[PDB]
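First, one chain by itself: the form deposited in one PDB entry, in structure tokens.
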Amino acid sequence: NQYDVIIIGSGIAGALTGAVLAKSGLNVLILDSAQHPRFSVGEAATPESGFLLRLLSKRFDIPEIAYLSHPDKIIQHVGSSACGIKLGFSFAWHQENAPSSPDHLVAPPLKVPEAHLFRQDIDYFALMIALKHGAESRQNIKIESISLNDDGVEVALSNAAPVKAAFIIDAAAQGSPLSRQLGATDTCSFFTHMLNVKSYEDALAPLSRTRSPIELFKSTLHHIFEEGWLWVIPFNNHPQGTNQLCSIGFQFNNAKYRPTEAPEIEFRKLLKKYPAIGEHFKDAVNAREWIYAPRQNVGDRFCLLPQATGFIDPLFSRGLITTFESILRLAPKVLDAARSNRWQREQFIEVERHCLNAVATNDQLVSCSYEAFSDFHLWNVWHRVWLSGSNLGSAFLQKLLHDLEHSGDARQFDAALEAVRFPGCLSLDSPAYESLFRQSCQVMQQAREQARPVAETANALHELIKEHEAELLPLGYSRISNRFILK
């Protein structure tokens, strides 16, 4: 074993894993089939993902990692083109064969601003953190074969000698050789970057019409409709930022619409179908090619990170959340394993538990969200389930960050994160919310099998929220006429 850990994928997940382990005294090899700079999706930061980056930073004493959580610090330390601003999520609802209304809009603002991550700069910066702490990085390499045994891992590489390690981590997308070589809602997505995409305010309805507390231009804008959704994620939405691009992607429920032609053709069809969405793109041009994307965890000496186990639908940006929490749970255990020379699956079981629940939680959340797209009033009532969970979890992560900062006790932090009752779930540690979430699923799931009217199901969810309101944070989730829930 020449290295302690081999890492597959040199994107942000693979880079942060590399940095924390290198910092802690492990000899790390990062392996990637591509090279920096390069494009990557997964751009919308969230309150949770912001806290998790600060937890990793504080837990492993790497200040640079925390810069990636604050948009002002990304501008200052990564670069002026590295991000746009996010003051919240927003969801604007549409319908085929009907004019779109500026009243069919929900947008919960954040207390503190988050980033829209321009991943080519953010990821390269993250790799540079890893490189500065002693991680070794090899780019443009082809992994032929991977051999696992009692004493370690051996990875064979095209036109190079094999490389040995005590442990191997898959931090790449699904379908890497480690996934290949070891033994609910159908979707496909299209995405790209564009120049001259108009703002929601200039293109659709100004701020005086929507009465939104935030500009949707300064938000992660999700346009929703019965068969799927389209995202508009600007990088050009803040004075300090020099980036000219908007990230644009759209995704279909293949049970309701199966795309059949090339990406640019499918984009135009969708704009014809929803002319309100089309008002963004009158003078817009593609800045790169459209990507089409159609469609266990651990062992003694390997570990798949969440993104390698399966597709995490980005409707609520839980990819990054689950990715970063996984690294935070796994890293201390990999250190203990390397320091004590014990490499047994049983050591990494809670990383698997978090992962399974996280992706199931996201699957359920997204599956039942695709039904809610059927009608705005139903969507409006449904999103409060997500939001109340997401708010509870964020508060827990903040509480963990605060205790970690005041005490400085790393061992105490790892135990407290391990001891949460519902790891991977939206709330992390609230039994009453998780009850609400499972009952809300059962109302949505039996609403579409046995086809119920959208009014009665919207009412049933509304009654569930009222029943559980006292256990949620005092934000007035039950007030349905209020479409912009303040913190």
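Start at 1 and count along the sequence shown; that's the residue number. Throughout, rigid core stands for the largest set of C-alpha atoms superposing within 1.5 Å between the two forms.
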Taking C-alpha RMS after core alignment, which stretch differs more from the shown form in 4 other deposited structures of this protein: 173 to 181, or 212 to 220?
-> 173 to 181
Note: with structures superposed on the core, the stretch whose C-alphas sit farther off in 4 other deposited structures of this protein, 185 to 193 or 276 to 284, is 185 to 193
From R339 on to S340, does the model leave out none, 1 to 3, 4 to 9, or 10 or more residues of the deposited sequence?
-> none
Residues of the deposited sequence that sit between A184 and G183 yet are not modelled | 4 to 9
Hey, which bit's got the bigger mean C-alpha B factor in the entry, 3 to 11 or 477 to 485?
-> 477 to 485
Which wins on mean Cα temperature factor, 406 to 414 or 83 to 91?
-> 406 to 414
From the entry's CA B-factor values, the highest among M444, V41, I30, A66 is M444
Per the coordinate record, which of the options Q76, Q398, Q296, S219 holds the highest CA temperature factor?
-> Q296
Compare the C-alpha B factor of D61 with those of the other modelled residues in its chain, then answer lowest, middle or highest third.
-> middle
So, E434's CA B-factor, relative to its chain, sits in which third? The middle
Rank-wise, by C-alpha B-factor, drop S247 into the lowest, middle or highest third of its chain.
-> lowest
Lowest, middle or highest third: where is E279 by C-alpha B factor in its chain?
-> middle
Thinking about Cα B factors across the chain, which third does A203 belong to?
-> highest
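Here the subject shifts to the form solved in complex with a small molecule, a form of this protein not shown in this document.
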Answer with one of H94, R119, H193, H238: the residue that has a non-hydrogen atom within 4.5 Å of the small molecule in the deposited complex.
-> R119
Exactly one of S81, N254, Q296, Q174 has a non-hydrogen atom within 4.5 Å of the small molecule in the deposited complex; which residue is it?
-> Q174
Location of the small molecule contact in the deposited complex, chosen stretch of 265 to 273, 201 to 209, 343 to 351, 185 to 193 [non-hydrogen atom, 4.5 Å] = 185 to 193
Heavy atom distance at most 4.5 Å to the small molecule in the deposited complex, all of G9, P314 and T323 | yes
Indicate whether the small molecule has at least one heavy atom within 4.5 Å of a heavy atom of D429 in the deposited complex.
-> no
May I ask you to check whether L436 falls inside a 4.5 Å heavy atom distance of the small molecule in the deposited complex?
-> no
With heavy atoms only and a cut-off of 4.5 Å, decide whether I65 touches the small molecule in the deposited complex.
-> no
Give a yes/no on whether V454 approaches the small molecule to within 4.5 Å in the deposited complex, heavy atoms considered.
-> no
